[PDB]
Amino acid sequence: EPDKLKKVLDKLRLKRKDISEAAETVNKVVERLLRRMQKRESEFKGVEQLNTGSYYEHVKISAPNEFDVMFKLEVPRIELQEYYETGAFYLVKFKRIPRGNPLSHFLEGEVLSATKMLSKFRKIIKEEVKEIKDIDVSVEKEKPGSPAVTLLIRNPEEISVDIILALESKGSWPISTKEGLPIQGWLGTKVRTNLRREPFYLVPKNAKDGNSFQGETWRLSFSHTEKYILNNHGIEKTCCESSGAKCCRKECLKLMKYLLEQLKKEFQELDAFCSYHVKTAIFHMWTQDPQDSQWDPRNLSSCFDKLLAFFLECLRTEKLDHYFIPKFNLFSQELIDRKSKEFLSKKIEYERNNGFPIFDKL
Amino acid sequence: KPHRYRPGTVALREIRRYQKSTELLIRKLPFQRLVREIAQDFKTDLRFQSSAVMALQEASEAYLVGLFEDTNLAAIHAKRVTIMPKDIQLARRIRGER
Amino acid sequence: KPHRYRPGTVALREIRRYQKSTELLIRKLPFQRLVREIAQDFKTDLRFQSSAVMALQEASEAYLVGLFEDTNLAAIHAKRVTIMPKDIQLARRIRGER
Amino acid sequence: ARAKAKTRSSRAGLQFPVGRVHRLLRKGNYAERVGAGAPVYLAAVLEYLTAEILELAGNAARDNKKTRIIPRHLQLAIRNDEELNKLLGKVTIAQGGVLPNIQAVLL
Amino acid sequence: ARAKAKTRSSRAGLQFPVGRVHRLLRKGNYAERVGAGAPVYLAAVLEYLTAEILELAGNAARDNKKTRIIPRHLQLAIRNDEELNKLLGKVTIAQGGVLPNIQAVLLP
Amino acid sequence: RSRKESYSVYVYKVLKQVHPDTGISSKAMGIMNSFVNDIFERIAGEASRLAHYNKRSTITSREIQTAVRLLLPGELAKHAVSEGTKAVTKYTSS
Amino acid sequence: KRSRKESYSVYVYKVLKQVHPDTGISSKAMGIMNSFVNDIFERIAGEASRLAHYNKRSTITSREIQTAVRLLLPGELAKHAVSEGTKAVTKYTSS
Amino acid sequence: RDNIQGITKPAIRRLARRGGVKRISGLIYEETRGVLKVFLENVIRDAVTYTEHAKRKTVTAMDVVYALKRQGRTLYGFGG
Amino acid sequence: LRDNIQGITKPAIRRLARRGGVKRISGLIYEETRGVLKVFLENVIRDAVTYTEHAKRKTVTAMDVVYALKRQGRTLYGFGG
DNA sequence: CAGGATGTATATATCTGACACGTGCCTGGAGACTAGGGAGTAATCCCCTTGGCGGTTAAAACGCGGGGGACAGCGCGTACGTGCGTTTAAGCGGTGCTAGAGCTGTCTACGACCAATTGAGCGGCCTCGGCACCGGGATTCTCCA
DNA sequence: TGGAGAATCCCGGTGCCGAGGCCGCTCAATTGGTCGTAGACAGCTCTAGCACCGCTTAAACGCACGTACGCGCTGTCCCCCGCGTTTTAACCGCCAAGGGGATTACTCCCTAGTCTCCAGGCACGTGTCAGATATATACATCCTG
Ligand SMILES: [Zn+2]
């Protein structure tokens, strides 16, 4: 029944109406922050916000009082050391750098101390937002367990924006990804070479601490390539344009992402499932997808149930490759207990057999 | 009237063009003739591999470019923009070839 | 009134005197102190033969004289008689130490 | 009961050849004898230097949206390094081109 | 048997030692074998060059009314010869000084 | 019929290590030969001179290390020395 | 114990008295002459080594030394030194 | 048989452009032609010496590369 | 030891300049000369100390200095050569 | 300023030749063992480096007057850049040719190696003569009407 | 065009210390012989430099116009130089102590040398795809009323 789905998406477009004003005010203060960071004297001279779009399809967002942006910082010659032999977490070191690294105070010996650098970042950002009080904006510090510095804005009311540091490397897309992003037979090799000639990102996140080295672990980020593919979601790059054909790809992505969002939040035991799961599965579905006619809004419900079938078959055989790192496949029981995945399967069945009741809200 | 460019714009365009290329800027037949005529003083009935002459041409062009750089530096020093033989002579005297 | 010499005559006499000698023109204790202080950065508790320090002093004075010659040449080029740090910088840039 | 050969570059964990450098050291009139750990050291150094240059070279190649490294890219790699340009200060590279620079006074 | 010895420089007619040069050529890691006429060439050239320097050096020492060569006279010789100044162009002479030379623009 | 050896195999392996999607021309692979041969000759000449100054007859790891310290500038020498020492340590464990 | 050392002082003295039978020489000048002879000896020997190595040979002959001298000395110095050397080699081979 | 006038004036202007030169006096060409001639004379003297030593008739690329390397101007890209 | 570069007095830079043949000297030339001499000395002493440490000695001999100069194209006659 | 002409980076479509594999194989690299010689070590000497003290005078340091040189400004005129129309010859492709490089085999003269002599060259001792070193007059050279 | 101060050379005498000669000695070059091997010739192959011929067209060349830059002059104003007084600290001679280079003797282990064997690197042959080229657009910059 695609009419209710289309209208819930419209409901999000009226959210979007609220969040245009909310996002514009938060966006403007963060832009102001950007202008200010380039003038202050510190190790954070060139720190851009990473633009992944503004749409719900483009950014982290939930209930209207939290927004997310990515701040990038270019880093000198970086050498990575795998710490989680899955291929998802790294120790960071430097290379020769003959003139001088203006970051040596951020390192514990030869490894970059994420803890120290993040503490200095938090201190500088909080002081700088503290130095200009046009809009009522302050910083909140929760336990140092997830490295994000959240501002609380009293304009019009509570706006929180988690600022996530991302390291910018231009080097080589390290070997752990060598056969990631497999699209050669779907789109072409020229895009993949061009895409893989782009930079890659490193974000602070303490991998759960069955480990000595804490904070000093990093995760890979490919937000820009993912945004690019999503906004060229079709084998034809004319998708989402007037130059092309309306398809149900963005619609199916919102349908599954939003359905899972609502069902998983109402049964909170399963919160280890993050939005990256749906993006990875839909990346695999769009690459294996050979037909433009297999994604068209008149086929919203059939493409969606086919996608549902894809999700159940992915769950069944106990593996879902990270689309950029096939060697790091996050569907291992040591991070998601098999019984929890089967419980999710039952909850998914719950949604399928009841005629999408979670959408019957308002 | 038509589109007279001011003196110094085409010079900058040529600078930007020739600082981007890697080709050889001297004709090849004159260079080869000059090489053979110069060499016929030390020994007659000589022969040359083509690669040898190409290497000689590369080396000589690199040499002359590296010398024009210092000539330009001397010109800048003398509060000028035109290079003069005084500057070439100073360059070759400081470099140590005299 | 007594016997004021004009500026530049005693300078020429000193030029003529120091172009005829061969002695060392730098004091020896300051040079030795400077050498030991400089060397204590690469390794501590070092010792020096006197001949080594004397050789170092000779080499450094020869170096500085040879550099002042080119500074003078650059000064002459710039239509001056006073030497300026621009000329030293040009000399060291042309010589190849940069 | 044989000991099927295991190259010395494998023992050192390198790609450069240890036996060929050993032979070149012996038949090169450098000393009467040659120690056992000298070729490992030298091959490690040569491999390090090669990787150090080639990475910046592939970077300069992939800056111009190119796939193969050409001599122009090698030259740009050499001159954009305040130590490699001092190590190779008096070397000329064929088809290398010049460094792009304009004097401020000429604008 | 065993006729009286005669140095190789004696047959060549030189004052430089052929045996010491043969040994230094055989111990300097220059090649596996050293021909018999190579030390003759080398001793002749070294002796020629040193005599060629010493002639100018003694001339310069006499033009200062001195009968004893000192380093200053060797440098005067070297800087005065146009061809010896290209050979020892990158050489420093201890206690040598420079050549008296003032630019014409500086005279009164 | 005039078999002549070079370094291009190992250069290609190293390249495939650092940039496993980039090729190389045929002249650049000659330039890398010339570069390797130049550095080889420099290091070997300097180690020979060092052994002659110290009245030795053999060339060991210490001569190679000192030669590298004499020829490489700044942080290049530090990284090269660390590489060399790690390599020798790994080799001796055999 | 006394550690005999070598130098070219005897031959420098012979050459001096043979070219200038009346002048003497200091000791530091003799040191400078030693440094000079060792320097250009080394120069010629290294150049001849390199030349012999380029041409696949394993012997240093008077031809190699001749062309190394032609490479190092400029203009007429090389011509006169080559004439001296060749004359000496002719005289020597005549036993 | 001058052949030194075959080093034209536009070629010299191109070499000056590549070296970052904007204006050029008119008496610069004959002097830089003489400089180049001197340089070539030195290099070719050394190259022909290396060639004659091998008792050859043709000049190879290795003779030039050696003659260059022995003046401190090593050249990569032509063998060796 | 501190402030020893100042022991290169101005009348000594002046005497070196006179031996260099210069007639009139600005007043800011002395700091430039001190800096150039300091970096030259650093570059030479680094190599002299490298030779000495390799030789496993604790005194710097004159041959170490002679080699450090020779390796930079500044051969020096008169100290053993 | 504000448009207009021009120049340059940017997208497409096609083909190519230069690069990337793949195969056969041969020569050089690896494993094992021995015999020597280079290097590591321990002790001892004795050289030379470091450290101190006292006096002097030469050099440094500070001040000062002043003249000359650096530097700014203005004018001019000319020499060099830009653009156009001709013309020459460089470059390219193809053909043919042969001198000379490159390889292969033979042999011969020459250089390595060894053992014994012997004189040349090194270390030490002594001595005279070239050169500091001080005075003292000659004689340049600068500073004025 | 002088006339007097004031550095500076030159001669002369004293004295001192370093070169030159003598003497004792030791170890390295010479002689004489043996052996092995690098290189010199002589032939033969076959590449690749040389010479030619058309042909296209891009580049050099010559000329005109104009403008901006070097150069010359003038005038000003600091700032280095020459001189005079004070102070200080290198420098020399000296003495003292001790660290460490250098030599000897002793020992061991690592490398050359030999021999056997086999895998990696080279040469040859394909297959294909990065890039060069040509065409069409759009953006960027300079320029002038
Ligand atoms: Zn769509």
# chains A, B, ... in the order shown; residues from 1 in each chain; ligands from 1

$ residues_near_ligand --ligand "ligand 1" --cutoff "10 Å" --atoms "only C-alpha atoms (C1' of nucleotides) and all ligand atoms" --output "PyMOL selection string"
chain A and resi 230-234+238-241+244-253+295-297

$ interface_residues --of "chain C" --to "chain B" --cutoff "9 Å" --atoms "only C-alpha atoms" --output "VMD selection string"
chain C and resid 70 73 to 74 77 to 79 86 to 87 90 to 91 93 to 96

$ select_by_dssp --residues "chain H" --states "strand (DSSP E or B)" --output "NGL selection string"
:H and (23-24 or 58-59 or 75-76)

$ residues_around --residues "residue 55 in chain J" --least-positions-apart "4" --cutoff "12 Å" --atoms "only C-alpha atoms (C1' of nucleotides)" --output "list in words"
residues 89, 91, 92 and 93 of chain K

$ write_last_selection --atoms "C-alpha atoms (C1' of nucleotides)" --output "PDB file, in the first residue's frame"
ATOM      1  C1'  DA K  89      90.095  39.627  29.076  1.00  0.00           C
ATOM      2  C1'  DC K  91      97.130  35.302  25.710  1.00  0.00           C
ATOM      3  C1'  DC K  92     101.463  33.263  27.440  1.00  0.00           C
ATOM      4  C1'  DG K  93     103.917  30.933  30.517  1.00  0.00           C
TER       5       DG K  93
END

$ atom_distance --atom1 "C1' of residue 5 in chain K" --atom2 "CA of residue 3 in chain C"
8.0 Å

$ atom_distance --atom1 "CA of residue 120 in chain A" --atom2 "CA of residue 162 in chain A"
16.3 Å

$ interface_residues --of "chain F" --to "chain A" --cutoff "7 Å" --atoms "only C-alpha atoms" --output "PyMOL selection string"
chain F and resi 19+74-76+79

$ interface_residues --of "chain J" --to "chain G" --cutoff "12 Å" --atoms "only C-alpha atoms (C1' of nucleotides)" --output "PDB file with C-alpha atoms (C1' of nucleotides), in the first residue's frame"
ATOM      1  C1'  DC J  45     101.751   3.074  28.889  1.00  0.00           C
ATOM      2  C1'  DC J 110     102.089 -10.549 -18.630  1.00  0.00           C
ATOM      3  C1'  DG J 111     100.848 -10.197 -13.882  1.00  0.00           C
ATOM      4  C1'  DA J 120     116.227   3.112   0.990  1.00  0.00           C
ATOM      5  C1'  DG J 121     113.758   5.469   4.101  1.00  0.00           C
ATOM      6  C1'  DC J 122     112.579   6.461   8.984  1.00  0.00           C
ATOM      7  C1'  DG J 123     113.756   8.064  13.719  1.00  0.00           C
ATOM      8  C1'  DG J 124     117.013  10.545  16.484  1.00  0.00           C
ATOM      9  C1'  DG J 129     121.786  30.419   8.887  1.00  0.00           C
ATOM     10  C1'  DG J 130     117.228  32.550   7.680  1.00  0.00           C
ATOM     11  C1'  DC J 131     114.309  35.190   9.875  1.00  0.00           C
TER      12       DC J 131
END

$ residues_around --residues "residue 41 in chain D" --least-positions-apart "5" --cutoff "12 Å" --atoms "only C-alpha atoms (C1' of nucleotides)" --output "JSON, numbers by chain"
{"D": [8, 9, 12, 13, 14, 16, 17, 18, 21, 22, 35, 36, 46, 47, 48], "F": [40, 43, 59, 60, 61, 62, 63, 64, 65, 66, 67, 68, 80, 81, 82, 83, 84, 85, 86, 87, 88, 89, 90, 91, 92]}

$ write_last_selection --atoms "C-alpha atoms" --output "tab-separated table (two decimals), in the first residue's frame"
chain	number	residue	atom	x	y	z
D	8	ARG	CA	67.67	-13.70	1.87
D	9	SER	CA	65.21	-10.97	0.90
D	12	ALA	CA	64.78	-9.78	5.80
D	13	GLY	CA	61.18	-9.39	4.66
D	14	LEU	CA	62.10	-7.21	1.69
D	16	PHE	CA	64.80	-5.81	-3.14
D	17	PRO	CA	67.34	-8.53	-4.02
D	18	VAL	CA	69.94	-9.34	-1.38
D	21	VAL	CA	73.59	-6.65	-4.17
D	22	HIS	CA	75.97	-9.00	-2.36
D	35	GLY	CA	80.04	-8.78	6.25
D	36	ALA	CA	76.81	-10.73	6.37
D	46	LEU	CA	67.18	1.40	-0.91
D	47	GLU	CA	63.68	0.00	-0.53
D	48	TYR	CA	62.73	2.68	1.98
F	40	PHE	CA	74.34	2.45	-4.47
F	43	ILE	CA	76.92	4.53	-0.25
F	59	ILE	CA	82.54	-3.73	5.32
F	60	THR	CA	80.00	-4.36	8.08
F	61	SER	CA	76.67	-2.97	9.21
F	62	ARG	CA	78.41	-0.24	11.19
F	63	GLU	CA	80.06	1.20	8.11
F	64	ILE	CA	76.78	1.14	6.23
F	65	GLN	CA	75.00	2.86	9.10
F	66	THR	CA	77.61	5.58	9.43
F	67	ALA	CA	77.62	6.11	5.67
F	68	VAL	CA	73.86	6.55	5.73
F	80	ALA	CA	66.57	5.04	7.37
F	81	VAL	CA	68.47	4.04	10.51
F	82	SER	CA	65.31	2.71	12.13
F	83	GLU	CA	64.48	0.71	9.01
F	84	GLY	CA	67.98	-0.72	8.81
F	85	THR	CA	68.13	-1.73	12.45
F	86	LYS	CA	64.71	-3.36	12.27
F	87	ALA	CA	65.80	-5.25	9.17
F	88	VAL	CA	69.01	-6.55	10.72
F	89	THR	CA	67.15	-7.58	13.86
F	90	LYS	CA	64.65	-9.53	11.79
F	91	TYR	CA	67.41	-11.20	9.79
F	92	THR	CA	69.47	-12.36	12.77

$ calpha_fit_and_write --fixed "chain B" --moving "chain C" --output "compact mmCIF listing (two decimals) with C-alpha atoms, in the first residue's frame"
# COMPACT_ATOMS: atom_id res chain seq x y z
CA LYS C 1 42.48 49.07 -32.77
CA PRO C 2 41.53 45.38 -33.06
CA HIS C 3 42.76 43.61 -29.92
CA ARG C 4 46.20 45.05 -29.13
CA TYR C 5 47.43 43.33 -25.99
CA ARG C 6 49.59 45.31 -23.65
CA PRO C 7 53.32 44.50 -23.58
CA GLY C 8 53.89 41.78 -21.00
CA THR C 9 50.67 39.74 -21.12
CA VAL C 10 51.67 37.40 -23.93
CA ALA C 11 55.02 37.08 -22.19
CA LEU C 12 53.29 35.85 -19.05
CA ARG C 13 51.13 33.45 -21.03
CA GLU C 14 54.26 32.03 -22.64
CA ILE C 15 55.92 31.74 -19.24
CA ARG C 16 52.93 29.81 -17.96
CA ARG C 17 52.89 27.60 -21.05
CA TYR C 18 56.58 26.72 -20.99
CA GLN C 19 56.65 26.14 -17.25
CA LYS C 20 54.07 23.42 -17.84
CA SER C 21 55.60 21.55 -20.76
CA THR C 22 58.48 19.09 -20.92
CA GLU C 23 59.22 19.06 -24.65
CA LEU C 24 62.50 20.18 -26.19
CA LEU C 25 62.59 23.83 -27.22
CA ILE C 26 65.49 23.72 -29.71
CA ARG C 27 65.28 22.45 -33.26
CA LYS C 28 66.98 19.13 -33.77
CA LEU C 29 68.74 19.42 -37.13
CA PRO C 30 70.62 22.63 -36.20
CA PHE C 31 71.68 21.12 -32.90
CA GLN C 32 72.91 17.95 -34.58
CA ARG C 33 74.81 19.92 -37.22
CA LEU C 34 76.43 22.06 -34.54
CA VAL C 35 77.40 18.98 -32.56
CA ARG C 36 79.00 17.25 -35.53
CA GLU C 37 80.88 20.38 -36.58
CA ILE C 38 82.16 20.94 -33.04
CA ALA C 39 83.24 17.33 -32.72
CA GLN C 40 85.12 17.27 -35.99
CA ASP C 41 87.92 19.30 -34.32
CA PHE C 42 88.99 16.66 -31.82
CA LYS C 43 88.78 13.74 -34.25
CA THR C 44 87.64 13.32 -37.85
CA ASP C 45 85.27 10.68 -39.21
CA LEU C 46 83.24 10.33 -36.03
CA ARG C 47 79.79 8.83 -35.61
CA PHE C 48 77.05 9.55 -33.10
CA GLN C 49 74.25 7.49 -31.64
CA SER C 50 70.96 9.35 -31.82
CA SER C 51 70.48 8.79 -28.09
CA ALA C 52 73.78 10.52 -27.41
CA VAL C 53 72.72 13.66 -29.25
CA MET C 54 69.34 13.61 -27.54
CA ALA C 55 71.06 13.37 -24.16
CA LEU C 56 73.36 16.24 -25.08
CA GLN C 57 70.37 18.37 -26.04
CA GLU C 58 68.53 17.63 -22.80
CA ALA C 59 71.62 18.42 -20.74
CA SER C 60 72.30 21.68 -22.55
CA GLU C 61 68.73 22.93 -22.25
CA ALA C 62 68.67 22.10 -18.54
CA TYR C 63 71.97 23.95 -18.15
CA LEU C 64 70.75 27.06 -19.93
CA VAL C 65 67.49 27.14 -17.97
CA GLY C 66 69.35 26.81 -14.69
CA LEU C 67 71.58 29.68 -15.76
CA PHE C 68 68.68 31.90 -16.81
CA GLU C 69 67.22 31.44 -13.34
CA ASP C 70 70.28 33.02 -11.75
CA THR C 71 70.36 35.72 -14.41
CA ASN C 72 66.80 36.57 -13.44
CA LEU C 73 67.78 36.66 -9.78
CA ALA C 74 70.60 39.09 -10.58
CA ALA C 75 68.22 41.23 -12.63
CA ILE C 76 65.79 41.40 -9.72
CA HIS C 77 68.73 42.38 -7.53
CA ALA C 78 69.64 45.28 -9.79
CA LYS C 79 66.10 46.72 -9.54
CA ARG C 80 65.32 45.86 -13.15
CA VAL C 81 63.24 43.53 -15.26
CA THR C 82 65.46 43.40 -18.36
CA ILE C 83 68.41 41.01 -18.24
CA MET C 84 71.76 42.27 -19.50
CA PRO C 85 75.10 40.62 -20.33
CA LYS C 86 76.55 42.13 -17.16
CA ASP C 87 74.21 39.87 -15.23
CA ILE C 88 75.17 36.76 -17.18
CA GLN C 89 78.83 37.57 -16.62
CA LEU C 90 78.26 38.07 -12.90
CA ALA C 91 76.35 34.80 -12.70
CA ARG C 92 79.05 32.82 -14.47
CA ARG C 93 81.71 34.49 -12.33
CA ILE C 94 79.98 33.69 -9.05
CA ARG C 95 79.14 30.15 -10.14
CA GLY C 96 82.85 29.53 -10.59
CA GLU C 97 83.38 28.98 -14.31
CA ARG C 98 85.97 31.76 -14.60

$ residues_around --residues "residue 139 in chain A" --least-positions-apart "2" --cutoff "8 Å" --atoms "only C-alpha atoms (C1' of nucleotides)" --output "mmCIF file with N, CA, C and O atoms, in the first residue's frame"
data_model
loop_
_atom_site.group_PDB
_atom_site.id
_atom_site.type_symbol
_atom_site.label_atom_id
_atom_site.label_comp_id
_atom_site.auth_asym_id
_atom_site.auth_seq_id
_atom_site.Cartn_x
_atom_site.Cartn_y
_atom_site.Cartn_z
ATOM 1 N N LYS A 126 34.989 24.702 22.959
ATOM 2 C CA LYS A 126 34.108 25.224 23.996
ATOM 3 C C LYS A 126 34.463 26.668 24.316
ATOM 4 O O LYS A 126 33.570 27.515 24.423
ATOM 5 N N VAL A 129 33.233 28.991 21.272
ATOM 6 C CA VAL A 129 31.798 29.254 21.262
ATOM 7 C C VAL A 129 31.426 30.091 22.475
ATOM 8 O O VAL A 129 30.480 30.888 22.430
ATOM 9 N N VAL A 137 24.085 29.924 23.068
ATOM 10 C CA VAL A 137 24.678 28.636 22.721
ATOM 11 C C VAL A 137 25.743 28.295 23.758
ATOM 12 O O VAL A 137 26.616 29.118 24.054
ATOM 13 N N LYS A 141 29.117 18.617 28.309
ATOM 14 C CA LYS A 141 30.111 17.549 28.366
ATOM 15 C C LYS A 141 29.557 16.341 29.121
ATOM 16 O O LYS A 141 29.280 16.436 30.320
ATOM 17 N N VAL A 149 31.544 16.667 20.949
ATOM 18 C CA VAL A 149 31.386 17.883 21.748
ATOM 19 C C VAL A 149 30.064 18.537 21.350
ATOM 20 O O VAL A 149 29.881 18.971 20.210
ATOM 21 N N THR A 150 29.084 18.510 22.250
ATOM 22 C CA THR A 150 27.716 18.908 21.934
ATOM 23 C C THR A 150 27.371 20.294 22.478
ATOM 24 O O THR A 150 27.436 20.524 23.690
ATOM 25 N N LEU A 151 27.010 21.204 21.580
ATOM 26 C CA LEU A 151 26.528 22.532 21.954
ATOM 27 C C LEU A 151 25.028 22.485 22.185
ATOM 28 O O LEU A 151 24.303 21.819 21.457
ATOM 29 N N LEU A 152 24.573 23.227 23.194
ATOM 30 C CA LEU A 152 23.158 23.371 23.505
ATOM 31 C C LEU A 152 22.779 24.811 23.201
ATOM 32 O O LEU A 152 23.315 25.743 23.809
#

$ closest_atom_pairs --of "chain F" --to "chain H" --cutoff "7 Å" --atoms "only C-alpha atoms" --output "Markdown table"
| residue | atom | partner | partner_atom | distance |
| --- | --- | --- | --- | --- |
| F:27 | CA | H:77 | CA | 6.5 |
| F:30 | CA | H:77 | CA | 5.9 |
| F:31 | CA | H:77 | CA | 5.0 |
| F:34 | CA | H:76 | CA | 5.8 |

$ closest_residue --among "E:24, E:98, E:31, E:91" --to "residue 74 in chain I" --atoms "only C-alpha atoms"
E:91
